[PDB]
Amino acid sequence: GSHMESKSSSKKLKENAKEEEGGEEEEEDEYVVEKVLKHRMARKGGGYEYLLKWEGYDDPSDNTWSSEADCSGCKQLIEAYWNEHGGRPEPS
Numbered sequence: 051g052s053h054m055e056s057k058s059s060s061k062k063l064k065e066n067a068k069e070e071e072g073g074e075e076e077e078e079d080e081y082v083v084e085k086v087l088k089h090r091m092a093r094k095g096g097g098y099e100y101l102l103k104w105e106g107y108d109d110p111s112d113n114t115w116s117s118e119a120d121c122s123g124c125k126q127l128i129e130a131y132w133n134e135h136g137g138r139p140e141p142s
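Right under this line is the structure:
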């Protein structure tokens with residue numbers, strides 16, 4: 051009888067990796083807010099909401115909805131949308 055422990059010789063792995071180094075320039079080609087698409091009130095009772103219309107691209111009512119916070123960035127748009135409607139400015 052033989053009480054041999056194990057019958058293994060050795061164990062070696064590959065672990066081979068190869069990578070290069072580069073870096074090309076990619077044009078941002080980002081979009082910009084052209085004007086408001088639609089207006090919607092916050093059912094939660096927060097503030098006002100307005101959709102952002104991409105210049106050149108006309109999306110449906112499922113466009114991007116921006117919070118009142120965006121008003122500080124696209125104020126001209128928020129007011130413009132109202133001006134086009136024919137509504138007077140807030141009470142003084």
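The deposited numbering puts the first residue of the sequence shown at 51, with every later residue one more than the last.
All residues carry an ideal CB built from backbone N, CA and C; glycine is no exception.
On the DSSP letters alone, give me the boundaries of the beta strand (DSSP E) that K88 sits inside. Here the beta strand (DSSP E) through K88 covers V83 to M91.
Using a Cβ-Cβ cutoff of less than 8 Å, which residues in the same chain neighbour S111 once the five nearest sequence positions on both sides are dropped? The residues are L87, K88 and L101.
Spatial distance of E118 from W132 (CA atoms): Taking the Cα positions, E118 is about 15 Å away from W132.
On the CB-based measure, 16 or more other CB atoms within 10 Å of its CB, does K103 come out buried or exposed? Using a 10 angstroms sphere on the CB of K103, the tally of other CB atoms reaches 16 or more, which defines it as buried.
How is the beta strand (DSSP E) around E134 delimited, first residue to last? Residue range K125 to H135 is occupied by the alpha helix (DSSP H) that includes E134, with no beta strand (DSSP E) assigned at that position.
Cα-Cα, which of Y98, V82, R138 and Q126 is closest to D108? Out of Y98, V82, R138 and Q126, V82 has the C-alpha closest to the C-alpha of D108.
Whether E99 touches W115 by CB criterion (8 Å): The answer is yes: Cβ separation under 8 Å.
Enclosing beta strand (DSSP E) for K68 [first to last residue]: Run containing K68: none; DSSP gives neither H nor E here.
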